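Asks: First, the structure itself, so that you have it in front of you.
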Amino acid sequence: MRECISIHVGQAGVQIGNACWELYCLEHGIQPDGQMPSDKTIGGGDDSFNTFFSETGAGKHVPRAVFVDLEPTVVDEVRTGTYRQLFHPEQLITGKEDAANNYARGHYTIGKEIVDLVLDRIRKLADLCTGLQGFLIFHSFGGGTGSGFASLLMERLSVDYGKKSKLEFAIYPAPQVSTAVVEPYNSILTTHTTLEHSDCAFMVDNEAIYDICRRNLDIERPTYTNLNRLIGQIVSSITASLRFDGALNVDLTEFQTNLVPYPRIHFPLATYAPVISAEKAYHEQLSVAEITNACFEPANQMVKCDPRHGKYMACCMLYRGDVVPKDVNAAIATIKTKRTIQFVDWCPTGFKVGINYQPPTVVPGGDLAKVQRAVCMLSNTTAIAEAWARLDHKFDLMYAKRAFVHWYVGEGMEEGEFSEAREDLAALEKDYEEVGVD
Amino acid sequence: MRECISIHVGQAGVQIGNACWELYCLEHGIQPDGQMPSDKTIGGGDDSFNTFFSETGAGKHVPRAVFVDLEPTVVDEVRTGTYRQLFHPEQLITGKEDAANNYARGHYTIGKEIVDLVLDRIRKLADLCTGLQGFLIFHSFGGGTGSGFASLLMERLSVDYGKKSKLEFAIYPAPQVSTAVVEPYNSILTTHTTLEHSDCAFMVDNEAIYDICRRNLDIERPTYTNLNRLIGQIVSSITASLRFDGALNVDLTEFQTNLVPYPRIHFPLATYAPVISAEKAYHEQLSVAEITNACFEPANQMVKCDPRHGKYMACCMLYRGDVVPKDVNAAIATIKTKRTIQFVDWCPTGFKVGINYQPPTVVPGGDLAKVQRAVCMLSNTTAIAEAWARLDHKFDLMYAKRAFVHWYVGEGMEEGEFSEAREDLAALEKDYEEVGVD
Amino acid sequence: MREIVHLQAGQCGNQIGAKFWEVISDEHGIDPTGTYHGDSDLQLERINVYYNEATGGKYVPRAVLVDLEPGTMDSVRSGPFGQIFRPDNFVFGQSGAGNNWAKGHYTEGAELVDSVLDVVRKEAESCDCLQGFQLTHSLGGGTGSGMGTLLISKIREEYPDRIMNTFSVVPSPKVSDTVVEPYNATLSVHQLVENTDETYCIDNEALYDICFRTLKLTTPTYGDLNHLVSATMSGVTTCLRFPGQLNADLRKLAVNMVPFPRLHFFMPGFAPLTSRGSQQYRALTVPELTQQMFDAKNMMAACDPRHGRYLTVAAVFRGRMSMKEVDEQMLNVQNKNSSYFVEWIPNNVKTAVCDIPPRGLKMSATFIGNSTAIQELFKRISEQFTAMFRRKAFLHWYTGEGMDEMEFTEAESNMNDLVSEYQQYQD
Amino acid sequence: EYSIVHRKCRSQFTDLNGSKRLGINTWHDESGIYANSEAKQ
Amino acid sequence: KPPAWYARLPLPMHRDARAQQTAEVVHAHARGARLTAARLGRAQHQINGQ
Amino acid sequence: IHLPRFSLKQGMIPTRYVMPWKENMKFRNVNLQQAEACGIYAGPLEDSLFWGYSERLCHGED
Amino acid sequence: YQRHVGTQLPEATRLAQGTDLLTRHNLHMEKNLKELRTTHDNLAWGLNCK
Ligand SMILES: Nc1nc2c(ncn2[C@@H]2O[C@H](COP(=O)(O)OP(=O)(O)OP(=O)(O)O)[C@@H](O)[C@H]2O)c(=O)[nH]1
Ligand SMILES: Nc1nc2c(ncn2[C@@H]2O[C@H](COP(=O)(O)OP(=O)(O)OP(=O)(O)O)[C@@H](O)[C@H]2O)c(=O)[nH]1
Ligand SMILES: Nc1nc2c(ncn2[C@@H]2O[C@H](COP(=O)(O)OP(=O)(O)OP(=O)(O)O)[C@@H](O)[C@H]2O)c(=O)[nH]1
């Protein structure tokens, strides 16, 4: 039927998986025990959970995700958390050796003996699945373990499974903040390895996530929970089409076909418009007009790119809640009449709309507002070339003075592969202006 | 009718039979005293025991097995056990002098004066039997007393009785673990002797037996009782067809005819799929498909052979419990159409299905799963020659430097029979690739 | 007797026919369960032109529903009349379309054409003699375009002597949502014009304007939009089914409607559309009907034929009328705008009057038009096609599917021919 | 709280087996009766 | 740009090439058949005329 | 004696084959006429191009 | 086009041919690979003696 499998790699990428699965159980009302009240929803595992959970007649909702990590510190603590009884023990794939930010260490040294065992989980999850539209890959480019392992995994799952979709979600490297100086190294290494197999890579940056927090959410001191909650809302919104119905129902297959223009470049940008504090929404009102202006407001994006320094290609809006297409197509018509919004002349139309009746909900102990009209804005533009343009001059200096190379070549690489990526990057940027050139 | 006799040789072969008969008394509700309760099941010895026990007018279920050893240590203690009243005192054929791991000493020095005794047991058991399909031979290749004594008697029971089946079961020598360095001597001695006389020889290796325990049963600290339980479960599963019925009933004759392709090679591989810890099946589900995936998962076999390094000829699956043909035929259709499973092209079909309605029951104070759908996977592949390939390079060195020969030439043996077995062995391998070669 | 087999195609169609069928059922008085409540004798006789007989006075709709996405069908099955439809009629596949025409037209259709052919011929053999078939779909619909283009082709050689009635809605000119829609539209129309004999053109934006103009309800439902288009189609179906001196055969209409083979695309027209106070503020007279019937606002199909001229026009009147008023109104409009018709043919008016009024109103009518107002339509798709084919945007899928640019060459070239054809005939 | 007014329910045509329902069922249940039958109301 | 495609033998992407490499010959036959379909169909047409 | 001979093993090959050169009865005799007109192969009555997950040449088991 | 006669695909034959080549070379480098590990270990061992 309509189901998918989620993947969470890297200790940084597992606490995010915790939150969404925490989030996902709330709207489904899943108790911490793992079963429903006496109300009738259990069976052979077929209801709103069947797309996400596997609630066998034993009553235990089994989430369709696998958390893989190599440092048992965090994964054991959540194994002592609240929902650990729901989480399958060896689905919470732990490891005993980190990659030390080294992509290849996570790609060669230990991944060999670990990729075999996860593949058993995959096939034992694949067989019980019926529709299996695709995968939800959660990771990070600057992955101490997220980078190296998933790369071999995404390769191995691609070579046996190359017909279904693979959705990749990773934190983009902070443009001006660096928690690691090898972080650029594996990042370009990850990109060049993934460009020829990754289907759709959607990115996000925490700084502007933080910027939103004290701009409109008005929190000067949030925590990861809020960061995790807001990204968890994003994936929740895109998955509501599976969860509920609407005026029209869309699918990731339509997303891919209508988002990516041409091969290679498959890197659009997401955004959620009604990001606001609770009290503000209390004594103000939400409608399609202002949120449409808001979602296209350049400072509302989590990626440090000026749209007026680039040009638009696709923009996909997913209106969840109570809306009528009357104002929707009217409001976006005014957006088309807007002159600052510079789509490429190649596309007269570039708008993909998804309507869902279900109002987005608050979370207990939450920070969000009481949402009725919501939209997720997935767009792709040419103003992203600066990011890799930032990376290459970051990379080229470091590679010329070849710092930390003794670490990598010490355990068995050479400079050819680092060489290849830079013209792959050079091919990447040179592509950007050529398609940018009309 | 549908009955057989079991034999237990080698000091290892008797504690395993103990647990088997310990298991066997549970499913019949046998009290250790020897009698049923006031319930009406005793008679002329004709009921579920008639195929296994001999509960004559005395009301005592007499097991149809003869236990033979040459050291009184273990046999006296079991003669002081809990069911010793059940066991016939001289069916527990004891001895006073061991074979010292020497095949020949157990084949020449003492076996002459004892076989006449046990042969009397055989005929005095032969007369009381009616259908007597065959025998159950429990032994070991590295037989401290299993090697020599079994070889002589199996010759003697072959020459007088050549019209019935003989079922052989021995622990295969550990490929890299050796509790005896003379163990290779008698092991190849046993194999070459049995090849032209043994009907069906079935093996097992304890290393992967232990490996299973802390893999899925999660028992990092198992025991022989646990090991004896699972092999006792294994022989119980194959004998459930004699005990109960199902959709169809199958017999060792069908097993023999359909499993062995060609003469000599009669060494398939058994496997039991639903081997899981109780708490693991607690919140999960087991069905025909995944256990079929599990039973054909290469690491679930107890013999250190990679099926991808060989090719399949025969496979026998025996579903004990509640099943329906609809999922059985569909799942195997997926299995027959699986790429990795490389059957030999010579066989269009190689599948012998056995269905028994009776669910496998637990044992009090046990450790196993709680199975409704159980299957014993008996199969023969070409990935087995590596073991004998492993054996020969070990033997060719140690024979060329003729270690321990002074022991065997001291007691009256000499090198020729050692010479014979190597090309007899070399015949075995050279047959294995040509059947592999299409 | 001459009957009709219906085809329920495309996901928009999945909303279309469901509304279209319930409009029929509520008109005839059958309960949602299906046991017909005998109330009108004339409808008791002529229902068989669309429905067959099940046991217990239950009239089975002779429609076939096809899709790939179960949820829409589940919603349709959970509709108010899903029980009256047959699970046998619910043929589908186990895949997602991706809103791809080529996958539907070459990949997903291939394993579905066999079953749907069996179902229809089973239904075809169930009935005795058909006028033809009618097909609810859209030109901009991913599955609808892929299915219909295949389905129309196969039935052409199957039954080359029947009516291949079609239903396609033109996507919104201002926004197509689907960006590859112009590809799908251009591909479908090529086979369409070759295979089709009749085509109604419908656009959502005009209906939105109609909502702004007469509905005045601000926030309607697309089902209310379905309600309108179903009412338009229900009216034109009343001709065959109801008595009264009006000649009903679509072939009778088509020969009165089609001067040359390349004329398949036609526009609907409807009768009294009323606002809040005007239901109790309207003097229901054939003059004001005729005025409203010929109103530039009253159209809903594509755009104003004010830009072009009028080739063939035909309006069917439903209710208690007489030949004289429609005659004088025809003269009045003939004297009103004589030059706006083509000098090629005078007296382009075709009139049919159904004496049986609908249930809810007495004076009613429908109009079918063939004017020179389609140029704006296919010229619009032209720059879209040329701009996107200028640099082959979003094309690797179709090559990945197995489509080549050569197929596009004649597809637009055939489209360019009809641009001149409509131009040359009128200009 | 816990509104099922809008939520979707089982699919009759997607999966055709007894592993959705409870109780004794001989046939598949083809019917317009749904848990969400009150959406029209 | 140096010339690189000569023969070697490793083909990282070859299935896809074969699929399209077969896509021409399959389309080649159709064009020829429609030519014969053209002459035969109209042949019957005016035949029925007289 | 002529003997069947076929190719090696694959992983994508279908088990069965249809070969409607002799599996169409609408146009049978016609395609039968062009069987010898081209002279491709008639030979044994019973030739399938896919026995099971295995392929061969045009000459049927000869 | 399995209806028109003559539409056999040598595509599989070429695809099968490519697989055969890759298998052969696999054997080559594997034999080469096994040798070099043995050599290095002796070279490292000789260093220990030195
Ligand atoms: N995805 C994700 N990233 C985070 C989170 N919190 C901080 N980060 C950033 O993401 C990066 C995590 O990358 P790594 O440190 O390589 O994580 P890893 O590959 O799993 O291995 P470790 O080095 O042991 O953590 C950090 O450098 C942070 O800057 C989080 O919750 N999720
Ligand atoms: N199947 C089985 N094998 C065992 C068991 N215990 C030990 N073994 C192994 O099986 C072999 C049994 O052969 P022997 O040691 O010669 O036993 P035996 O011939 O009965 O008499 P002994 O020489 O006194 O030991 C041993 O070498 C052990 O490695 C057991 O309980 N069951
Ligand atoms: N059901 C429905 N369809 C709509 C609506 N508004 C516009 N449509 C359009 O009607 C078109 C025709 O539907 P289908 O022919 O079934 O389309 P499809 O082949 O299933 O694939 P898609 O076009 O991607 O939906 C769609 O492409 C929609 O763009 C609406 O409100 N309801």
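Chain lettering (A, B, ...) mirrors the order of the structure tokens, residue numbering begins at 1 for each chain separately, and ligand numbering begins at 1 in order of display.
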Grab me every residue within 7 Å of ligand 1, counting only C-alpha atoms and all ligand atoms, and send it over as a PyMOL selection string.
Replies: chain A and resi 9-13+15-16+69+71+98-101+139-140+142-147+170-171+179-180+224+228
Asks: Could you list, as a compact mmCIF listing (two decimals) with C-alpha atoms, in the first residue's frame, all the residues within 8 Å of ligand 3, counting only C-alpha atoms and all ligand atoms?
Replies:
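After the write, pocket.txt holds the following:
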# COMPACT_ATOMS: atom_id res chain seq x y z
CA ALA A 247 -8.68 18.24 -1.82
CA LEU A 248 -5.92 16.57 -3.83
CA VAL A 250 0.16 14.12 -3.92
CA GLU A 254 5.16 13.69 -8.17
CA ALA C 9 -11.52 7.86 -16.09
CA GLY C 10 -8.91 10.19 -14.60
CA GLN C 11 -8.77 11.31 -11.02
CA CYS C 12 -10.73 14.49 -11.72
CA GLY C 13 -13.21 12.26 -13.49
CA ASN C 14 -13.32 10.26 -10.28
CA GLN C 15 -14.95 13.35 -8.79
CA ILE C 16 -16.81 14.04 -12.06
CA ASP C 67 -7.58 4.36 -11.79
CA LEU C 68 -4.23 3.44 -10.23
CA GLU C 69 -4.62 5.15 -6.85
CA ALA C 97 1.30 7.26 -11.99
CA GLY C 98 3.74 10.01 -11.11
CA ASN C 99 1.31 12.17 -13.11
CA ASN C 100 3.15 10.75 -16.13
CA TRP C 101 1.32 10.38 -19.44
CA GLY C 104 0.21 5.57 -18.33
CA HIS C 137 -11.38 12.39 -18.24
CA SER C 138 -9.12 15.42 -18.68
CA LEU C 139 -6.49 16.46 -21.21
CA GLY C 140 -4.25 17.79 -18.43
CA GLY C 141 -4.74 14.72 -16.23
CA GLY C 142 -1.75 12.44 -15.83
CA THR C 143 -3.60 9.13 -15.68
CA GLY C 144 -6.65 10.37 -17.59
CA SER C 145 -4.64 11.45 -20.63
CA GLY C 146 -2.55 8.27 -20.59
CA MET C 147 -5.55 5.97 -20.21
CA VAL C 169 -11.47 19.74 -18.73
CA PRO C 171 -6.57 23.14 -16.94
CA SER C 176 -1.48 24.47 -14.65
CA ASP C 177 -0.09 23.32 -11.28
CA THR C 178 1.53 20.42 -13.12
CA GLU C 181 0.97 19.44 -18.20
CA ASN C 204 -12.07 25.78 -14.17
CA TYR C 222 -15.10 21.57 -6.38
CA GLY C 223 -18.06 19.22 -5.99
Asks: Per DSSP on the backbone, what are the helix (DSSP H, G or I) residues of chain G, as a VMD selection string?
Replies: chain G and resid 11 to 49
Asks: If I take CA of residue 81 (chain B) and CA of residue 244 (chain B), how far is one from the other in Å, to one decimal?
Replies: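 Those two atoms sit 29.2 Å apart.
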Asks: Find the residues in chain B near chain A: any atom within 12 Å counts, using only C-alpha atoms. Write them as an MDAnalysis selection string.
Replies: chainID B and resid 215:216 218 279:294 297:299 331 334:335 339:340
Asks: Quote the spacing between CA of residue 379 (chain B) and CA of residue 431 (chain B) in Å to one decimal place.
Replies: 18.1 Å
